[PDB]
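Let me begin by presenting the structure, written as C-alpha cells, before commenting on it.
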Amino acid sequence: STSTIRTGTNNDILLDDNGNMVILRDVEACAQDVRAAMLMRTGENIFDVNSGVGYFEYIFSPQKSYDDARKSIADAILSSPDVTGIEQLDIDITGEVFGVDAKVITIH
Amino acid sequence: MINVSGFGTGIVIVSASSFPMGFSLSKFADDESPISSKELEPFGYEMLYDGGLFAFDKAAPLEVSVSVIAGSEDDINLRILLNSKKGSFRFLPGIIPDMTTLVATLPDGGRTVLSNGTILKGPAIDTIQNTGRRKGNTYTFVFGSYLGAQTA
Amino acid sequence: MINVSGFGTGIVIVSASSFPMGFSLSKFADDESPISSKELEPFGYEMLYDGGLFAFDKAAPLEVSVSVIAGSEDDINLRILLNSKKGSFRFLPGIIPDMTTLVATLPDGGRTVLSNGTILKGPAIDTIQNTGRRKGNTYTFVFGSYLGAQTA
Amino acid sequence: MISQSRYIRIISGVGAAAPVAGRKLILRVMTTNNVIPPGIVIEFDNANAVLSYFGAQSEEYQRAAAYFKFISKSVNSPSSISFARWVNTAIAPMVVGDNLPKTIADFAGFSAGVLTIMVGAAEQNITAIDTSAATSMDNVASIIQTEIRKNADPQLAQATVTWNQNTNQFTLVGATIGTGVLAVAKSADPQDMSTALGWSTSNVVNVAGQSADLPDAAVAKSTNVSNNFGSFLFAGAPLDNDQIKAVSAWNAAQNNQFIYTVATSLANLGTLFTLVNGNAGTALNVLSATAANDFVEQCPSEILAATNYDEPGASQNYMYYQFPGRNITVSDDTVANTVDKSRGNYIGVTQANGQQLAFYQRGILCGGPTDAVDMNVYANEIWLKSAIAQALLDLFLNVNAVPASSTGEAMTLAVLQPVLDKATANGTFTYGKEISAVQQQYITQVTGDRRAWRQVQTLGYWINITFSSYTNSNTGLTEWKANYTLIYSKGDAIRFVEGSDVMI
Amino acid sequence: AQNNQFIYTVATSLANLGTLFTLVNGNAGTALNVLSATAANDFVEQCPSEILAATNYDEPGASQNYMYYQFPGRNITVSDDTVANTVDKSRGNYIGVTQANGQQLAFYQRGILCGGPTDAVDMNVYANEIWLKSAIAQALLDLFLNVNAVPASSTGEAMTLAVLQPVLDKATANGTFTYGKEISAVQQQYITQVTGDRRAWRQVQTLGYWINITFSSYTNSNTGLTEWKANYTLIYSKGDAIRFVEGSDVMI
C-alpha cells in the first residue's frame, strides 16, 4: 500500500531522463524501506531514541552470545509499514565477514 | 546345500557432511556379533468386544549394531562419526543433519541400502577384560528407510 | 597381526586440592576388570505420526570403573579421594569443586585425557570371600568433558 | 569522507530470487539476423536486455516479450533465454570486437599517423588517416572505408564498414564471399586505432568466410559450442518439409536430449505426419492462417522452462494451461478428432458465451511405439539423465581409483542414492500403480531377475550394477567398463475424469 | 630477534610511509601509525598499547577487536577513500572520520601489523600468542620446581601433559582458541605436513587445538656431555574479530 521516492545505489534521489521524481508503488518500496531501515543504526534518530541497529554495541564489539544482534536486526526489519513476518535469518559469520541473509513477508 | 557363510562381506558408509565420500569397514570383531539387529514391528492388532480381531499399521524404526577390532582404522573412523555434533552446520528442509547411508554386500552378491539415519551410541574409551585384552567396540545405528536387492 | 594386549598400561590422576600434583596407578586387580566404562549414548530419536524419523542431541555423561589390589598404596590414595568432602575447603566459580583430571597411556602409545569430573563411589572396608582372599576394590568415576585425544 | 559501503554492504533485490546450479532447461532460438556472429551464442536475463541489443522493430523482441511474461501454477518464470545464428547464404569474412561503451568520439586529435595493421593472405599496412575532425562516427567509418579502398588487395578492394548504435561495435566486411580469412594485429606504434578500436584487443570475434550450410549442421555446431539448453526452434520463415525431416532425424539421433518444436498450418498436417512418423522428440503445433502468428510454438518451451526440479511435487501436466495472448484455432469436435489422429497440438475453445476459456490441450508428442509419447515423461527423463551423468563424473573426479571389485559397485550405488531420493521427491518416480501380465513379462525379460516387478510396483524403481571388460576401437588395448540398468514407473498426469452416482 | 615477545609502536607522517615500509617490510612485531603534521601530536601511537594493557585474560570472552574504538582526545587525519587505500596498501594505522556532520565519530582504523607471510598479522592474535607463551612457560617451570625428578619415560611426559591441561582449559574459555572453523585443502595439507599424523585436522576443526609430547636425547654446546630433552608441538585455530559485514535481502 505504501509508497516512497526511488533512490540509487547510493542513498540519493535518482532522476529519470525526463527529469521527474518517481513515486514507487508497493513491493519495491518495501525493498527500499527495509534496506534503509537495516542501514540506519541506533541513536541517530532525533525524536525517537532506541531505534535502529546496535552495531557498535552488539556486533563490532566482542560479545558473549550473538543472539542479541539477531534480536536487534529482527526488530529493525520489522516496524516497517507493510512487513508482516520474517521467514529466515542466517548470521553466517565465516572468516572476517559477518554474513546476513533474510527473506520477508508482505501482504501484497 | 546352502552356503550361509559370512566371510568376505563388506560395509561402506557415507555421511552427508563429515564423510562426503565415505569409507569402508573390513575388520570385524571376534568375540561379539559382527552385525546384529532388532526385530521389525510395522503392524499391530486390537481386540473388539464381540471377540473379533482388527489389524492396523504402526510406525517402526530399524536398529543395526556393528562391532570392530579395537585400535583399527575403522574404529577411529566410527569414533569421529560419533563425536561429530549435530549442532553445527546446516541442512536442507526436512532432511535431518548428516543423513548417513550404509551399503552392505553379501558374499554371494546380494546387497542392501539403508538411508535416513544416523549413529546414536558407542564406546568412548577402551575396556580391558580380566584376561588382559581389549573388548571389541560396538556401535548402534538407526534407519528410517531401506530396500532389498538380493540378486547377483 | 594386531596387538591388543593391555600390559604396561599406566594411569596418572591429578586433583585440584587433594592431590595438586597427583599420583600414578600401576597395580591393577586380577579377578575384576582393571578398567571399564559404560556406553556413551549422546543421541536420541523420535517418531512422527507421518511415519518418519527425527534425531536430536542430548546431554550424556561418561562413567569409568577402576579396580586395584587391596592393600596397595594406590588403594590408599583412592580412599583419600573418596573420603575427601566437597563441602570442605574453598570454592571459585564454575569449576565443579575439586575437579579431577585423568590421563591414561596405552602400551602402543595411544593416550586420552578426561576432565571436569570427580570420584563417585567405592568401598570403605575390605571384604573376605569364602576362599579367604580379600576382594579387589573397585571405584567409579564420572567425567563431563571428553577430550577426544587419541594420538599415536 | 569515507563510505559506509566499505564497512556495510546490503544488496537487497526484489523477491522470488532463486540461485540455481545445474543444467538450464531454457529456450534457444536460431535466427538469420546479420547482427549475431556465426560461432558465438548469447544469453539474456531480461526482455530489456533483448530490447537494448536488438530493438523494438525486430521480431525477436516480440518473441522475448511473449516468452518472458509467463507464470506457472507455482509462481515461476523462465528467467533466461538463448540465441544463436544460422547462416543460409554464403558470407564474406568479418571481424567484430567491441561491447563496452568506448565510443564517445575520441578520434579527435588522432589524425596524424594511423598505422592499423591487417593480417591475411598478404601482410599489408594502412596509410595515415585523418580523424582530428571527428564530425560523426559514420563519417569516421566512411573515411576508414575509403582508406581501405585505396588498397588493391581484392578482398579489401570492395570492403565495407558499419556502426551500430544500440550495441557499440565496428564491423569490417570483405568483398569475396565463401572463402578467405582475415585477421588484425596491433603494432608498436602508440598512434594506432586498433588498440582504441574494438578489434585486435582481448575478446574479439573473428569470422571465416564459408558457404551456406544445412540447418542440421548449424544446430550441431551450435551444440558443439554449448549444449546448455532445451527445446530449440527455428525463427522467421517456415522451413521446407525436407529440412524439417532432416532436423527431426538429427534430433532423434541424440537419445532423448532436446525437444524440437515447429509451427505448421492445419492443412499441412497430413504431409508431415507420414514423413516424421516416429522420430521421437518432435512437437507439432497448429498455426492459424487468418490471424497473426502469435508465436504458438513457444508454449511447450515456456512450460518446460518454467518448472524447477529441486522442489517437491515438480511434475506438471500440459493439458490445461491458458494463454490469453494467443488466438483460438479449432472449435469443432470432428476437426479435433482428425487432428488428434494426426497427433498434433493446438488451442481449443469452449463456451465462448458469457465466459470464454481455451487451453493448449494435447500434451502428446510424436514418436515410435517404444519411446515415451507424453511430454512430461520426456522432460523428466532429460533431467534424470543429466543428474546421473553429473553424479558419475563427480565420483570419478573425487576418488583416486575405482577398483573393479564389489567395493567399487558399493561406491557407485552410494553415489547414486541421493539422485534417486531427489527423483522420488520430485514426482518423476511414482508408486502403487498396478502391473499387467504383459508388462510383468517385459520387465522379467529386460532384467534377468524375477520378482523385480514387485519392487517397481511398491518402491518405484530397481537398479543393478555389473562390471565387465572390453576392447576399444581406437587402440588395441582392453579396459574395464561398468554396466547398470534402471527401470521405473513413469509419472502421470490427470487428463480425463470418470464419475458415477447412485442414490442407494 | 625476540619471538612474539613485545610490540614496537612508532609514529610517522603519511609522507614518510612510502620509504619506511620498504625498509621494515616483514620483521613482524612492529606497528605503524599516521601522525598529523598540522596539529599537536596528541600521542596517537599509544592507542594499541592502551587497548592491549586494558584487557585481562582471566575472565571469559577476553579477545577483542582493535578497529572500533573511539578516542575523543585524538585528532582526525584522513577523510578520503583513495588515501585510505594507499595507506592500507602501505599497512598503516590511523584514525579516519566517516561522518563529518552534525554528530562526529571516528575510530582506529586497522589492527594489522607489518610482518612476513608466515607470521600472524592481526594484533589480537599477537597478544593472545604472547599470553599463551607466558602461561606455558610458567606452568612448565612450576612442574620442574615442584617435582623431585621427571623420568624420561611415558609416565613423566604424561605428567607434563597433565600439568599443561589447565592452561589450555583457561585458553579455550578465554577466547584465544576457536572451534567450528572451516578448513581448506591447502591448510589441511599444511597441517598434515607439520605433524606426521594424518586426521589431526579433524581435531583442530572440532576442539580447536592438538598437542603432542616426545622426548629425545642431545648434546649441549657448552659441555661435551649429553642430555635428555622433551619436544612438543601445538597447533590451534586462531581467533577472529569482525571487520566487515556483508548482507543480503529478498522480498520473497
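Protein chains in written order, with the entry's author numbering: chain H, 2 to 109; chain h, 1 to 152; chain c, 1 to 152; chain E, 1 to 504; chain B, 253 to 504. We treat Cβ as the ideally placed atom computed from N, Cα and C, and that holds for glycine.
In terms of Cβ geometry, h/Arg134 and c/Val4 form a close pair [threshold 8 Å]. With the criterion set as a beta carbon lying under 8 Å from some beta carbon of chain E, the members of the segment 23–48 of chain H are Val28, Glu29, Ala32, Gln33, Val35, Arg36, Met39, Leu40, in sequence order. Around the C-beta of B/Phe429, 16 or more other C-beta atoms lie within 10 Å, and the residue is accordingly described as buried. Look at E/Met411 here: in three-state DSSP terms it is helix. Proximity of the segment 365–380 of chain E to the segment 391–406 of chain E falls short of the contact definition, fewer than three beta-carbon pairs being nearer than 8 Å. About 6 Å separates the Cβ atoms of E/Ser80 and E/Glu43, confirming a contact at the 8 Å cut-off. Scanning chain h for C-beta atoms nearer than 8 Å to the C-beta of c/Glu41 yields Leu120, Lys121, reported in chain order. In the structure shown, c/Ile2 adopts coil according to DSSP, grouped into three states. As the crow flies, the alpha-carbon of E/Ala235 is around 24 Å from that of E/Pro93. E/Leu272 and E/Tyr346 have their C-alpha atoms roughly 16 Å apart. Nearest to E/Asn317 by alpha-carbon distance, out of E/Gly476, E/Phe496, E/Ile144, E/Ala482, is E/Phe496.
Within the model, the alpha-carbon separation for E/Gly278 versus E/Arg450 is close to 32 Å. Between B/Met503 and E/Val20, the CB-CB gap reaches or exceeds 8 Å. DSSP lists H/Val105 as the bridge partner or partners of H/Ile87. Taking C-beta separations shorter than 7 Å and ignoring five residues to either side along the sequence, the partners of B/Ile435 in its chain run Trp453, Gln457, following chain order. Contact check for h/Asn116 against c/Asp30 fails: the beta carbons are separated by 8 Å or more. Going by DSSP, B/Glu302 is part of the alpha helix (DSSP H) stretching over 299–306.
Comparing C-alpha distances from c/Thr138 to each of c/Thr9, c/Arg90, c/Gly71, c/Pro42 shows the shortest one belongs to c/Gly71. For E/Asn472 and B/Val438, the gap between their C-alpha atoms comes out near 38 Å. Secondary structure of c/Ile11 (DSSP, three-state): strand. Neighbourhood of h/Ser65 in chain B, by CB distance below 8 Å: empty, with the nearest CB roughly 24 Å away.
Put simply, the backbone Cα of B/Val262 is about 40 Å away from that of B/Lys481. Note on the segment 37–66 of chain c: whole beta strand (DSSP E) runs with a minimum of 3 residues are 43–47, 53–57, in chain order.
Secondary structure note for E/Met137: its alpha helix (DSSP H) is the uninterrupted segment 137–149. Inter-residue distance for c/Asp108 and h/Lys38 is about 36 Å (C-alpha atoms, whole angstroms). Taking the Cβ atoms as the reference, H/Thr85 lies roughly 13 Å from H/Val28, outside the contact range of under 8 Å.
For h/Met1, the number of other beta carbons within 10 angstroms of its own is below 16, and it is reported as exposed.
Neighbourhood of H/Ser62 in chain B, by CB distance below 8 Å: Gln316, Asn317, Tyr320, in chain order.
Annotation: B/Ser500 to H/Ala103 spans about 7 Å, alpha carbon to alpha carbon. In the DSSP annotation of this structure, the continuous segment of the beta strand (DSSP E) that includes E/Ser469 starts and ends at 461–471.
In terms of Cα proximity to B/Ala280, the closest of B/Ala289, B/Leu269, B/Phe258, B/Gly354 is B/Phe258.
Against chain H, a Cβ distance below 9 Å from B/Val497 picks out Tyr56, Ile60, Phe61, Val98, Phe99, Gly100, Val101. In this structure, c/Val68 sits near c/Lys27, with a CB-CB distance shorter than 8 Å. By the CB criterion at 8 Å, E/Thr274 and E/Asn251 fall outside the cutoff. When only Cα atoms are considered, c/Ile11 and c/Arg111 end up about 10 Å apart. Three or more Cβ pairs drawn from the segment 75–89 of chain E and the segment 215–223 of chain E lie within less than 8 Å of each other, which places the two stretches in contact.
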